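Only one chain is given next, in C-alpha cells, and it is the form deposited in one PDB entry.
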C-alpha cells in the first residue's frame, strides 16, 4: 500500500540495502515498474518530476499510482516528488497525495538551502509526508551535512559525491567520492540518496544501438559503484535514464521491423518488458529484492 517515504527508507537504512527510485511519465512505465516489484518481492519508490507532473497532470499521476497500489496491496509503495523546485510545488504535491517530496535548493548557499528545506519539512511533516533535500553541486561538505540534517529535520539527504543526471555522467572514468559518502553517513545517520544513478547496462545499450539509436558517448555509473554506494550508506537510488533507453529501444525496433505497424500495444508491450527487466535487475543489484 501507499506509505510515507521514510517508512521504506528507514528500513533500508537500518538493514543496509538500497531501494531504487524509479521515474515514470505514463501508464506503461508505471505498470512495468510495479510488475518488476511484484516479481522481485521488492518495495517500490515511484518518482515523478515536475515535468512529468505537467505532462500527466498531478491528479492523474497520483490517481494511476493509487490504482496500481490497490492492484498490488502487499507492496510497500512511496510516491515521491522528484526535484521539487519551490515550496509551492512541494505543497501541491502534498495536497495531491504524494507521500514524499524533494526540495532541491542545493544551488543556494547553505543558509538559504537550510531555510527553504526547513519550511518544506514543517509543511510536509504536518501532513505526514517525508522530505528529501540536496547538498553539494562542488561536492558535499560532510560537516555542513551534519548540521543541515540536525537543523532541518529532513528525512533523507542527497549528498553530491560525483554523479550527474542523464546518459553522459563522466567525461572520463567513473569516479565517486566514497570516503566523503561514508563521512556523511557517519555524521548524519539518516537514509541517503544517490542522484543520477543510471548505469546504462551493456545489454540496454546494445538494444538501443541495434535499433538505430545513438548514445552520444554516454557513460553511466558502473554496477560496482552502485553496490559500493549502498555499502557506503546510500538507501535511495534514483533511476530514470536506464528505463527510458530500454523502453525506447523497443519502440524504435518495432518501428524499424514493420512499417505498417500502428497498434500502440505492439510497440509498448515489448517496451514495457524491457523496462521491467531493467528494474528487476536493479532491485536485485541494490538488495531490495525479497525484502517484502
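Numbering follows the first chain given and starts at 1. In this text, rigid core is short for the largest set of C-alphas that superpose within 1.5 Å between two forms. Shifts are known only where both forms have a C-alpha.
Below, we refer to the form deposited in another entry, which is not included among the displayed structures.
Just one of the listed positions, 83, 169, 205, 195, moves its Cα by at least 2 Å between the shown form and the other one when the rigid core is held fixed, and it is 169. Compared with the form shown here, the C-alpha atoms of residue 85 and residue 166 sit at least 3 Å closer together in the other entry. Relative to this conformation, a decrease of 3 Å or more in the Cα-Cα distance between residue 105 and residue 168 is found in the other entry. Once the two forms are aligned on their core, only one segment of at least three consecutive shared residues with Cα displacements of 2 Å or more between the shown form and the other one appears, at 164 to 174.
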